[PDB]
Engineer: 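Please see the structure below; I have some questions.
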Amino acid sequence: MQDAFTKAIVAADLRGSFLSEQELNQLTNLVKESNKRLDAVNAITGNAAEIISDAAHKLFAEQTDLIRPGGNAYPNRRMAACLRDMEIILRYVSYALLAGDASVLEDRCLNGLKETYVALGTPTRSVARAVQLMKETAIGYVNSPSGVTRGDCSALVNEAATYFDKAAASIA
Amino acid sequence: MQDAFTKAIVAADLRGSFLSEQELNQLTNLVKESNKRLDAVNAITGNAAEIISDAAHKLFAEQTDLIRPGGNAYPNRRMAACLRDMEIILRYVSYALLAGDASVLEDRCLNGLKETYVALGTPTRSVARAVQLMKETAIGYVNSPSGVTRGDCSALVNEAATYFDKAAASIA
Amino acid sequence: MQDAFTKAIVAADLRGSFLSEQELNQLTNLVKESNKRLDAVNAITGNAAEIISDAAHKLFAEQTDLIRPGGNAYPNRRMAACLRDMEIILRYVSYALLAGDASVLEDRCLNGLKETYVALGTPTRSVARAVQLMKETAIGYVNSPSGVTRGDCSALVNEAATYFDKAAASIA
Amino acid sequence: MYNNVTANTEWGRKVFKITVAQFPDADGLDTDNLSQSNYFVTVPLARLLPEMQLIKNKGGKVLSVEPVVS
Amino acid sequence: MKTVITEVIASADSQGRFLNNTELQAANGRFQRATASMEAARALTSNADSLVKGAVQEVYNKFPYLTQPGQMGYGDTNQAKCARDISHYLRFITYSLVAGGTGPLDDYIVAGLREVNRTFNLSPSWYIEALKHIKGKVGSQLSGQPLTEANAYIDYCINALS
Amino acid sequence: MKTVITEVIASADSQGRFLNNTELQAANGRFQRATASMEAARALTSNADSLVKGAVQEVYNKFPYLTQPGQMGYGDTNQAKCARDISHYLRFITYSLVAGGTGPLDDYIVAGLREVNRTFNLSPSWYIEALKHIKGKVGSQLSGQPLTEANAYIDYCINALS
Amino acid sequence: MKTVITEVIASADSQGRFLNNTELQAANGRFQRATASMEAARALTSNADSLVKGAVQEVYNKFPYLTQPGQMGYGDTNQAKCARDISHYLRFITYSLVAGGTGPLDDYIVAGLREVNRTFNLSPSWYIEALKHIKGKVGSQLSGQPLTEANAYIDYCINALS
Amino acid sequence: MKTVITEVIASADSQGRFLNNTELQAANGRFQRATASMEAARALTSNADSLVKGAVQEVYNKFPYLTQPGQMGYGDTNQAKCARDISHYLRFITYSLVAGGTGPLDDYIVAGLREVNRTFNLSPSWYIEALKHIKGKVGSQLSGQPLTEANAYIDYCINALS
Amino acid sequence: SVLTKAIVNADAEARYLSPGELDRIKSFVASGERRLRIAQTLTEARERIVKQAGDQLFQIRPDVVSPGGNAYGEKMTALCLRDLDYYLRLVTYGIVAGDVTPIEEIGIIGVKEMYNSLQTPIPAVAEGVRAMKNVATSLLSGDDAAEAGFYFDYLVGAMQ
Amino acid sequence: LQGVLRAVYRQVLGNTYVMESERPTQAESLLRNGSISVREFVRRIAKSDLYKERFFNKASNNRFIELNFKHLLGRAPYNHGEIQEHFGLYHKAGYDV
Amino acid sequence: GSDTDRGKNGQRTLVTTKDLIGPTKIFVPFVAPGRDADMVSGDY
Ligand SMILES: CCC1=C(C)/C(=C/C2=NC(=C\c3[nH]c(/C=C4\NC(=O)[C@H](C)[C@H]4CC)c(C)c3CCC(=O)O)/C(CCC(=O)O)=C2C)NC1=O
Ligand SMILES: CCC1=C(C)/C(=C/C2=NC(=C\c3[nH]c(/C=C4\NC(=O)[C@H](C)[C@H]4CC)c(C)c3CCC(=O)O)/C(CCC(=O)O)=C2C)NC1=O
Ligand SMILES: CCC1=C(C)/C(=C/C2=NC(=C\c3[nH]c(/C=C4\NC(=O)[C@H](C)[C@H]4CC)c(C)c3CCC(=O)O)/C(CCC(=O)O)=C2C)NC1=O
Ligand SMILES: CCC1=C(C)/C(=C/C2=NC(=C\c3[nH]c(/C=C4\NC(=O)[C@H](C)[C@H]4CC)c(C)c3CCC(=O)O)/C(CCC(=O)O)=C2C)NC1=O
Ligand SMILES: CCC1=C(C)/C(=C/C2=NC(=C\c3[nH]c(/C=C4\NC(=O)[C@H](C)[C@H]4CC)c(C)c3CCC(=O)O)/C(CCC(=O)O)=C2C)NC1=O
Ligand SMILES: CCC1=C(C)/C(=C/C2=NC(=C\c3[nH]c(/C=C4\NC(=O)[C@H](C)[C@H]4CC)c(C)c3CCC(=O)O)/C(CCC(=O)O)=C2C)NC1=O
Ligand SMILES: CCC1=C(C)/C(=C/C2=NC(=C\c3[nH]c(/C=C4\NC(=O)[C@H](C)[C@H]4CC)c(C)c3CCC(=O)O)/C(CCC(=O)O)=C2C)NC1=O
Ligand SMILES: CCC1=C(C)/C(=C/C2=NC(=C\c3[nH]c(/C=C4\NC(=O)[C@H](C)[C@H]4CC)c(C)c3CCC(=O)O)/C(CCC(=O)O)=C2C)NC1=O
Ligand SMILES: CCC1=C(C)/C(=C/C2=NC(=C\c3[nH]c(/C=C4\NC(=O)[C@H](C)[C@H]4CC)c(C)c3CCC(=O)O)/C(CCC(=O)O)=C2C)NC1=O
Ligand SMILES: CCC1=C(C)/C(=C/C2=NC(=C\c3[nH]c(/C=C4\NC(=O)[C@H](C)[C@H]4CC)c(C)c3CCC(=O)O)/C(CCC(=O)O)=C2C)NC1=O
């Protein structure tokens, strides 16, 4: 598994080199913003259930076919599987966010996922949408939390978004 | 698993026949040369480590890219993986040599091996070469050993070579 | 598994109570001395091999019967087992030292150990001695290390000793 | 001793000891490699009910339970 | 019992390995963090009495019907066992604060929660609402990293119940 | 690749669990520790050239016979491959410093070490003595927690080789 | 296919190990033994025709009733398939003699024997009696270690059928 | 303890099977081979004293520096423990010769070898050079199949140490 | 473009560009800014152009917008002007490319089969395009109006 | 015991190789003691980081569940119900259960 | 062969859940990206 430092190290090694002063300071900056990062990961963990629930309510509000017989979130067994997948993806997105690298998300979650869903008959476009809704709400929470010091988290909100967007793209 | 006798038996059975006087004497000759065969297998066993080591030293002497970063025998684990594969192949070649048949080599070692290496990014041409070097040194030992009775081992040296050459061909 | 805090918590809970101001400050002090504790655990980790080696050299210097045929550290297989056990015990002592509680040592290492050795015919008094020697050298290292800030580590040296002494007592 | 490192919860830390005597069930001759039917397993507290369930499920007889960790 | 210390030790042990710089760095986090944690712990400890009575009442104010006869917020024994239960939660929150991890919560409240609540006809909604209220008031007893810690664990209980 | 960050994530994943306060406390350790680590890294990085030549020579001064003909410290190629190898070690030490764990050392030097050294007739003693020397000189390039970090990883290599 | 050679190779392979003096000593046994084995093989090979007709008849002489109508020793096809079957056994005996082990017998006659015989209403007793007779006559075609070898394998078939 | 006899018995037992012609052929190899083996054993046994002193010295002649002060070939105790160790090797070689397999070597010297040598700072190179020398001199004490046997086991030790 | 066309002929005969081919690339690129201005003007008046084409069309063929007409009704007429908007767009592309490659792959190859299926009268689509020429051409200088006009007459030609 | 350990490392770890540093040594001192059986030793390996890093840490749940069937049970997945049962257990109770 | 990850595709899936459930029978989501709207009145 990689994190943002480990990634630097792998690229340096492929040159046969000690880390460039370029790369050093990029990593010094990651340490600089790490308290914000911890709050951002904490924002997701602290509202995981609601993020999934709210995404869910809204997914089925839009796509009332999934909860009809014939639909891929019917009966209870399938809805529980769908709720479970929402949690799994939100989980690996939070891991990537602590790590500063998408690899755990791509390697443990996204790799093969689309082909799984197609084999199953699970409508990937609906799954992509559920991921887009989780993103909206998750970032909502990253941006408006309990008595965190006031500052600018937009860099981290972007990065979190790209992890949500990776997952969506990979699946649709 | 087959040996040279077992092979005879399978071909006889496919005719529905007791072994031909042809096949009988071919096998009587294998028994005739079996002390030499035991010395030949013993030559390899008794120098396995040096055969691998010497092949290795020479492989990396020729192909200094493998031991640079980016190279398939770098860092220490990859080199350790490359050093037994050398051992594994030398091992199945010695088994074939005791058996008088290549099947154990083809079935337990060579089958799928090329596609493994390609999946891994292991340069098959380099692996083929490492096998060619093991052959040179192994045969060296088969031909010039400790106080073995003097005679002609060229038939066995050829046969050992074909096992080394099978492996090389199969992999490159 | 317990650490020094977890232990406090279990005793509090058995009263049905929030932690006593008594217990709170005992734990505040553990946090106060924690940098020293980290150096103490680091002293052992950084010299584990030598601690085992030096204990060993000295154990067999004293008890030359163990390395004779008939002796419990003869032949190579048994010596490797004995060297391995020295490492295992030093390892759980270092864990206890990071934790501020002996429980991991007692539960994962010492529990049943004496009866194992007796079943095996392993002389427990010799094992106890090997533990006493590890203690001497380990503490040596805790007390005289590389450019650590000067201060008083005797409280921690005592506590480390009691873990070594627990193990010795439990085994002899 | 036992299996050693367990789960990190306190309810995984407690390992117990079971001496059994498995019986030949019914229905079939075992011609494979057989073992003497006594034995003992050390099982952590978190697992225990599946293990005792499959022990008494296969005609077994639990002879002793022992508190070895706790 | 899950703490930063027990976790790194567990991970070392399971690989048959001495604690190394990775594991000691981790431990320093837990020790550096103790001050904020333990401030939250002391504030939650001395306000316990009122935090509990505040949350108990709020369960009845949000679920008015509970306090009518034939219901589970009626009579001394239900209302007594309620205060006790919220008190258990606050107690384990302080323990988790002091311990440096969720262990006390995981072992004494989370493991088994739903089975128990389901057999006894206890709705999680009450408990979430008790905790949401406790979270509101703890906003003005603490601030900075002690508040973040208090929040971390209160929210952890709310997610355990959803 | 073992870092504090990857370790806590691995432990969460394997229990199917979001990162909680236990795991985030751990991460803070790794981030709080980065300054000392990275100071050690910068000092080891710019002195690399001389640290390597110093240790290479010390291998010959401690094992004089290595530099005689027919031996493995003789001729341009042996002496070249030696400098390179110590340079590999210092490189991975800096990586381990920057990464917040032993991962780079574990994955690129420790995994396989003995098999390789045994096939190639390389004695660990040389490498320990190279590292003991590097440890002596790093005593005056750094101090405080940067030195402790440098030491942690140098010692880690010496234990890997014993 | 089980021979001394395949057995020792199997045992080496499964421990990831080169053939050593233990395994080569074993192989020498198999090679030293080939002369007696192969003499038995040649004698059984050229007498096959009559050994088969002798044993076939003996099955009818020992189980007279088999040759009456409505029975399984009656008509050209039963009596033909019988000769064939004994011929199969003698064939695999010669193969086992030549191969240096029971492999050919194990793989081509023993594996599955009872299931087949049970579905087709073939009594092992016949086959044992065919083999007992073949054993009687092979007493005067061979002697010494060739006879011991012939016996070893005939008896092996009789035990497979009991 | 690995011998031809124990190996074939192990293989039978593990398939729940009586010893058959395959396994008895194997055993005959081990018994036929005993004469050469045991001649090697007797020669190595009576020359033990000098074979050991010859190899001990050769370790110092090939690694001159070992015999200087502060080194591991200096003082009565090192030089005593060395003779002993080579004597252990020759002893197990004779045992392996007599036993008909590598068992005694595998169980008493190979299992654990590297761990022990690594903890005690014993270089395999010495031991290989002791054995290479013993191999040189055993060239004129034996010949034919006794020499081949002696060689088989000496070489087996040298490969165990590489 | 002019580039694509020149090159494809070059590569297909396994050769470097001719003096002729080089010359036309040069004359073409010199007209770049002018061609870009012609596209801008027309892009800037697109909504007006489509409309005046649409009036000119329904006078000339009131039937298409009649009981049995392909464009009869408010939303059968809405789609019809949208198609007129499509073709004006393609005409701006063609003018800036200096040939039809893009215009052709996007909107004439397959157009017979598409409209035959929909039962759209092709020759009245050609009229809608003439109508757009008339409007667009009245918003351009004489020289630019001619240059634009070639591309309008091409589309009119291809629907044939 | 070495022959048993080699077969365990061949089967459970899926013919991938363990280096000399990766060897779980202190479980073997006990398996040689006889305090655990082969089944408990297999369970201890499959919960360790050797199995976890290779077959769990970089794959999806389908690959991981089908690799459990190959390593531990020695056979292939039979239907979709075997996979949809096991992953529900993984999400409910983690990797250790 | 082995189930190693160190190749170019570290543990891509095999026996895909297109194997485990076999044939399909009926459905595609019959969705409407066809459009609807505008309203004028008269003359027809
Ligand atoms: C237990 C693990 C852990 C956490 C969670 C942690 C958080 C943490 N967040 C901090 C700051 C902060 N955190 C934020 C975060 C935000 N600002 C906003 O306006 C957004 C809504 C939000 C975006 C994510 C900001 C702006 C600061 C102050 C600037 C800084 O220190 O970087 C600080 C510095 C002290 C302070 O200023 O309060 C800490 C210690 N420390 C830890 O050890
Ligand atoms: C422990 C297992 C085992 C071994 C290893 C074994 C070897 C062995 N090799 C032999 C002969 C021999 N071995 C060789 C071998 C060679 N000649 C050369 O010049 C080459 C360098 C080498 C080629 C491989 C030759 C030429 C003979 C004599 C001819 C013969 O007997 O076939 C003999 C017959 C006796 C003798 O003449 O010495 C034996 C018993 N016997 C055994 O039971
Ligand atoms: C990577 C994990 C980690 C470690 C190892 C760590 C060590 C560490 N040890 C420290 C202090 C110290 N460490 C010691 C230790 C000793 N004094 C002696 O004389 C004895 C020989 C030795 C006994 C163990 C002392 C006396 C201090 C200064 C007092 C204190 O800060 O408590 C400090 C405070 C800064 C300083 O004064 O240097 C740190 C950060 N911090 C970490 O995050
Ligand atoms: C290590 C090699 C080995 C041995 C020796 C062995 C003995 C053994 N015999 C058993 C049963 C048995 N053994 C017998 C034997 C006899 N009954 C009589 O009346 C006679 C006196 C005698 C035959 C001469 C019977 C009847 C049982 C079944 C008992 C029962 O289930 O009621 C069982 C219980 C498991 C089972 O039924 O398969 C074992 C373990 N198991 C082994 O693995
Ligand atoms: C160590 C941690 C721990 C927890 C958290 C815990 C919860 C818990 N609550 C219980 C009962 C109860 N819990 C309540 C709760 C409430 N009643 C109200 O007025 C409110 C609606 C609400 C408070 C918000 C009630 C009324 C009962 C009695 C249920 C019964 O027995 O009918 C019981 C059943 C045993 C008993 O009757 O005491 C348990 C185990 N037990 C524990 O050991
Ligand atoms: C990524 C981490 C990594 C390490 C650590 C590494 C070590 C390493 N050292 C090697 C060789 C070598 N290493 C040395 C070492 C020395 N010679 C001397 O003068 C001194 C005594 C000593 C330095 C202290 C020598 C002489 C060789 C050549 C060995 C040979 O091929 O004969 C080789 C064999 C391939 C080659 O010839 O380059 C490896 C793999 N390789 C790696 O990829
Ligand atoms: C490769 C080794 C091999 C063996 C040993 C073998 C046995 C064998 N015997 C068979 C039948 C038979 N076997 C016999 C045997 C006999 N009839 C007599 O007159 C005597 C009593 C007796 C000879 C002693 C008979 C009568 C049948 C025909 C059974 C039937 O189809 O009804 C069949 C059924 C297929 C068939 O009808 O040919 C098998 C497979 N097949 C094999 O492939
Ligand atoms: C049953 C088979 C068996 C073997 C093979 C064996 C080897 C062995 N050699 C040892 C020590 C030793 N081995 C030597 C070896 C040598 N010193 C020299 O002068 C030479 C360089 C060299 C001989 C070639 C030395 C000097 C020691 C003492 C190491 C120490 O304790 O510092 C020890 C440590 C216990 C002790 O001090 O006796 C073992 C176990 N032990 C066994 O039980
Ligand atoms: C749970 C962690 C754990 C511990 C603590 C452990 C102890 C342990 N020590 C053992 C052997 C051993 N232990 C020793 C230790 C010693 N010999 C001496 O003379 C000294 C007094 C002492 C060293 C200080 C020796 C020599 C053996 C081998 C005994 C033999 O096989 O003859 C064995 C038998 C299995 C084996 O040899 O690998 C176990 C299980 N095993 C474990 O898994
Ligand atoms: C590596 C981490 C990981 C992921 C991501 C994962 C996905 C995954 N989702 C599955 C099923 C499923 N996934 C869903 C999900 C949905 N249904 C819908 O209609 C929505 C569009 C969507 C929810 C947003 C459903 C309904 C099933 C059950 C399909 C069935 O059995 O018919 C399955 C089949 C096994 C099972 O049912 O447990 C896998 C492997 N498995 C994993 O181990």
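As the structure lists them, so they are numbered: ligands from 1, and atoms in each ligand from 1. Convention: sequence-line order gives letters A, B, ...; per-chain numbering from 1. Just the heavy atoms: all of them, side chains too, but no hydrogens, waters or symmetry mates, feed the values below.
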Engineer: With a 4.0 Å cut-off on N to O distance, would you call G/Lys132 and G/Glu58 a salt bridge?
Structural biologist: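 Salt bridge absent between G/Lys132 and G/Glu58.
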
Engineer: Tell me the contacting part of A/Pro145 for ligand 1: side chain, backbone, both, or neither, using a 4.0 Å heavy-atom threshold, strictly below.
Structural biologist: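 Side chain only.
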
Engineer: For ligand 1, which atoms, with element, lie under 4.0 Å from some heavy atom of A/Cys153?
Structural biologist: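 Counting atoms of ligand 1 from 1, those under 4.0 Å from A/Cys153 are 15 (C), 16 (C), 17 (N), 18 (C), 20 (C), 22 (C), 23 (C), 24 (C).
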
Engineer: With atom 18 (C) of ligand 2 as the reference point, say which of B/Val148, G/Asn20, B/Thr149 has the nearest heavy atom.
Structural biologist: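 Looking at heavy atoms only, the winner is B/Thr149.
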
Engineer: Got the closest protein heavy atom to atom 36 (C) of ligand 7, with its distance?
Structural biologist: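 I find the closest protein heavy atom is G/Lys81 NZ, 3.1 Å.
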
Engineer: Under the side chain to side chain contact (heavy atoms under 4.5 Å, CB included) test against G/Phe92, which residue among G/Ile109, G/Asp106, G/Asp107 passes?
Structural biologist: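 Of all the options given, the one that passes is G/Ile109.
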
Engineer: Cation over ring, E/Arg30 on C/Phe5, under 6.0 Å and within 45°?
Structural biologist: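 The answer is yes; both the distance and angle limits are met.
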
Engineer: To the nearest 0.5 Å, tell me how far H/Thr102 OG1 sits from H/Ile93 CD1.
Structural biologist: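 The CD1 atom of H/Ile93 is 12.5 Å from OG1 of H/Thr102, to the nearest 0.5 Å.
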
Engineer: Can you confirm whether B/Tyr141 is buried at OH, in the sense that more than 12 heavy atoms of other residues, nucleotides or ligands lie under 6.0 Å from that atom?
Structural biologist: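 Correct, the count exceeds 12.
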
Engineer: So, is H/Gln145 polar-close to ligand 2, with some N/O to N/O distance under 3.5 Å?
Structural biologist: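 Yes: some nitrogen or oxygen of H/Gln145 is under 3.5 Å from one in ligand 2.
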
Engineer: Considering only protein heavy atoms, determine whether one is less than 4.0 Å from atom 27 (C) of ligand 1.
Structural biologist: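 Yes; the ligand atom in question has protein heavy-atom contact below 4.0 Å.
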
Engineer: Counting both backbone and side chain atoms, is some N or O of B/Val142 under 3.5 Å from an N or O of ligand 2?
Structural biologist: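 Not met; the criterion fails.
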
Engineer: Select one of side chain, backbone, both or neither to describe which atoms of G/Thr77 lie under 4.0 Å from any atom of ligand 7, heavy atoms only.
Structural biologist: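 Under 4.0 Å from ligand 7, G/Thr77 contributes no heavy atoms.
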
Engineer: Any chance you could lay out the side-chain contact (heavy atoms from CB on, under 4.5 Å) test for B/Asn35 and G/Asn28, step after step, and finish with the verdict?
Structural biologist: CA-CA 8 Å; B/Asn35 280 321; G/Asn28 175 66; 4.3 Å; yes

Engineer: Could you check atom 10 (C) of ligand 7 against the protein and tell me its nearest heavy-atom contact, residue, atom and distance included?
Structural biologist: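 Nearest neighbour among protein heavy atoms for atom 10 (C) of ligand 7, to 0.1 Å: G/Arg84 NH2, 3.4 Å.
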
Engineer: Could you tell me the residue and atom name of the protein heavy atom closest to atom 11 (C) of ligand 2, and the distance to it rounded to 0.1 Å?
Structural biologist: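 Nearest protein contact, heavy atoms only, for atom 11 (C) of ligand 2 is B/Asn35 CB, 4.1 Å.
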
Engineer: For atom 20 (C) of ligand 7, what is the closest protein heavy atom, and at what distance to 0.1 Å?
Structural biologist: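 Here the nearest protein heavy atom works out to G/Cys82 SG, 2.9 Å.
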
Engineer: Within the 4.0 Å heavy-atom shell around G/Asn28, which atoms of ligand 2 are there?
Structural biologist: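 Answer, ordered by atom number: 43 (O).
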
Engineer: What protein heavy atom lies closest to atom 31 (O) of ligand 7? Include the residue and the distance to one decimal.
Structural biologist: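 That would be G/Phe120 CD2, 3.9 Å.
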
Engineer: Side chain, backbone, both or neither: which applies to A/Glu33 and ligand 1 if a contact is any heavy-atom pair less than 4.0 Å apart?
Structural biologist: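 Neither part.
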
Engineer: Please compare A/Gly46, A/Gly151, A/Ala40 and report which has the shortest non-hydrogen distance to atom 19 (O) of ligand 1.
Structural biologist: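 Shortest heavy-atom distance from atom 19 (O) of ligand 1: A/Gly151.
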
Engineer: Distance to 0.1 Å, residue and atom name: give those for the protein heavy atom nearest to atom 9 (N) of ligand 7.
Structural biologist: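 Looking only at protein heavy atoms, the one closest to atom 9 (N) of ligand 7 is G/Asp85 OD2, 2.8 Å.
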
Engineer: Quick one: nearest non-hydrogen protein atom to atom 15 (C) of ligand 7, plus distance?
Structural biologist: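 Of every protein heavy atom, G/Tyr127 OH, 3.4 Å lies nearest to atom 15 (C) of ligand 7.
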
Engineer: Mind checking whether G/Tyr60 has a heavy atom under 4.0 Å from ligand 7?
Structural biologist: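 A heavy atom of G/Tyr60 does come that close to ligand 7.
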
Engineer: Which is it for G/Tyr89 and ligand 7 at heavy atoms under 4.0 Å: side chain, backbone, both or neither?
Structural biologist: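 Only the side chain of G/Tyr89 comes within reach of ligand 7.
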
Engineer: Who's the nearest protein heavy-atom neighbour of atom 32 (O) of ligand 2, and how far?
Structural biologist: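 Protein heavy atom with the smallest distance to atom 32 (O) of ligand 2: B/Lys36 CD, 3.5 Å.
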
Engineer: Please could you name the atoms of ligand 1 that A/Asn143 approaches to less than 4.0 Å, counting only its heavy atoms?
Structural biologist: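 Once the distances to A/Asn143 are compared, the set is 21 (C).
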
Engineer: Can you name the closest pair of heavy atoms from H/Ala26 and H/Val8 and give their distance?
Structural biologist: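 Where H/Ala26 meets H/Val8 most closely, the heavy atoms are CB-CG1, 3.6 Å.
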
Engineer: Under 4.0 Å from a heavy atom of B/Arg150: give me the atoms of ligand 2 that qualify, with their elements.
Structural biologist: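 Per the distance check, 19 (O), 26 (C).
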
Engineer: Can you tell me which portion of G/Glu58 lies within the under-4.0 Å heavy-atom range of ligand 7? Options are side chain, backbone, both, or neither.
Structural biologist: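 Near ligand 7, G/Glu58 shows nothing, with every heavy atom at 4.0 Å or more.
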
Engineer: Verify the neighbour count for atom CZ of G/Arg84: are there more than 12 heavy atoms of other residues, nucleotides or ligands below 6.0 Å?
Structural biologist: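 Yes.
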
Engineer: Measuring from atom NZ of E/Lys2 to atom CG of F/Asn21, what distance do you get when rounded to the nearest 0.5 angstrom?
Structural biologist: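 It is 10.0 Å, given to the nearest 0.5 Å.
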
Engineer: Can you sort out which atoms of ligand 7 are near G/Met72, meaning under 4.0 Å from one of its heavy atoms?
Structural biologist: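 Numbered from 1, ligand 7 contributes 17 (N), 18 (C), 19 (O), 26 (C).
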
Engineer: Return yes when at least one protein heavy atom is under 4.0 Å from atom 13 (N) of ligand 7, and no when none is.
Structural biologist: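 So atom 13 (N) of ligand 7 has protein heavy-atom neighbours under 4.0 Å.
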
Engineer: When you measure from the side chain of B/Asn42 to the backbone N and O of B/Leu38, does any donor-acceptor pair fall under 3.5 Å?
Structural biologist: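 Between the backbone of B/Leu38 and the side chain of B/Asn42 there is no qualifying donor-acceptor contact (under 3.5 Å).
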
Engineer: Counting only heavy atoms, which portion of G/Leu66 has something under 4.0 Å from ligand 7: side chain, backbone, both, or neither?
Structural biologist: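 Near ligand 7, G/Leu66 shows its side chain, while the N, CA, C and O stay back.
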
Engineer: Just wondering, are more than 12 heavy atoms of other shown residues or ligands nearer than 6.0 Å to NZ in E/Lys135?
Structural biologist: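 Atom NZ in E/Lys135 is packed in, count exceeds 12.
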
Engineer: Quick check: B/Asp39 and ligand 2, any N/O pair under 3.5 Å apart?
Structural biologist: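 There is such a contact, yes.
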
Engineer: Quick check against the 3.5 Å criterion: does A/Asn29 have a side-chain atom that pairs as donor or acceptor with the backbone of A/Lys32?
Structural biologist: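 Flag not set: sc A/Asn29 to bb A/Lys32 has no pair under 3.5 Å.
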
Engineer: Drop me the distance from E/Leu97's CG to E/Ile154's CD1, to the nearest 0.5 angstrom.
Structural biologist: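 Going from the CG atom of E/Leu97 to the CD1 atom of E/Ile154 covers 9.0 Å.
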
Engineer: Please name the pair of heavy atoms, one in E/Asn159 and one in A/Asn47, separated by the smallest distance, quoted to 0.1 Å.
Structural biologist: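 In this case the closest contact between E/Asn159 and A/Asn47 is ND2-N, 4.1 Å.
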
Engineer: So which protein heavy atom does atom 3 (C) of ligand 7 come closest to, and at what separation?
Structural biologist: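 Residue, atom and distance for the closest contact: G/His88 ND1, 3.6 Å.
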
Engineer: If I take atom OG from residue A/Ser94 and atom CD from residue F/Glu23, how far apart are they, to the nearest 0.5 angstrom?
Structural biologist: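 Separation between the atoms: 10.5 Å.
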
Engineer: In Å, rounded to the nearest 0.5 Å, how long is the span from CD of H/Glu149 to OG1 of H/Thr35?
Structural biologist: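 Answer rounded to 0.5 Å: 11.0 Å.
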
Engineer: Stepwise, does the side-chain contact (heavy atoms from CB on, under 4.5 Å) test hold for F/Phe31 with A/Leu30?
Structural biologist: CA-CA 9 Å; F/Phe31 295 126; A/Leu30 184 153; 3.6 Å; yes

Engineer: Examine the proximity of ligand 7 to G/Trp126 and report which part, side chain or backbone, both or neither, has a heavy atom under 4.0 Å away.
Structural biologist: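 The side chain, only.
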
Engineer: Kindly determine whether A/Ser34 and A/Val31 satisfy side-chain contact (heavy atoms from CB on, under 4.5 Å), including the steps that lead there.
Structural biologist: CA-CA 5 Å; A/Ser34 34; A/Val31 171; 4.3 Å; yes

Engineer: Which atoms of ligand 7 are found less than 4.0 Å from any heavy atom of G/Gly73?
Structural biologist: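 Per the distance check, 19 (O).
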
Engineer: With heavy atoms only and a cut-off of under 4.0 Å, state how G/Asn21 meets ligand 2: side chain, backbone, both or neither.
Structural biologist: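 For G/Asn21, only side-chain atoms sit under 4.0 Å from ligand 2.
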
Engineer: Should H/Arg33 be counted as touching ligand 2, given the test is an N or O pair under 3.5 Å?
Structural biologist: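 By distance alone, the answer is yes.
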
Engineer: Do you know the tightest heavy-atom contact between G/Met72 and G/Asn78?
Structural biologist: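 The answer is O-CB, 3.1 Å.
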
Engineer: May I ask you to identify the nearest protein heavy atom to atom 2 (C) of ligand 7, giving residue, atom name and distance to one decimal place in Å?
Structural biologist: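 Scanning the protein heavy atoms, the shortest distance from atom 2 (C) of ligand 7 goes to G/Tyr108 O, 3.5 Å.
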
Engineer: Apply salt bridge (charged side-chain N to carboxylate O under 4.0 Å, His left out) to B/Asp13 and G/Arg91, showing your working.
Structural biologist: CA-CA 9 Å; B/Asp13 167 62; G/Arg91 192 151 60 78; 3.3 Å; yes

Engineer: Which of the atoms in ligand 2, numbered in the order shown and given with their element, are less than 4.0 Å from a heavy-atom of G/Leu24?
Structural biologist: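 Answer, ordered by atom number: 2 (C).
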
Engineer: Closest non-hydrogen protein atom to atom 4 (C) of ligand 1, residue and atom name please, with distance?
Structural biologist: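 Among all protein heavy atoms, the one nearest atom 4 (C) of ligand 1 is A/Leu38 CB, 3.6 Å.
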
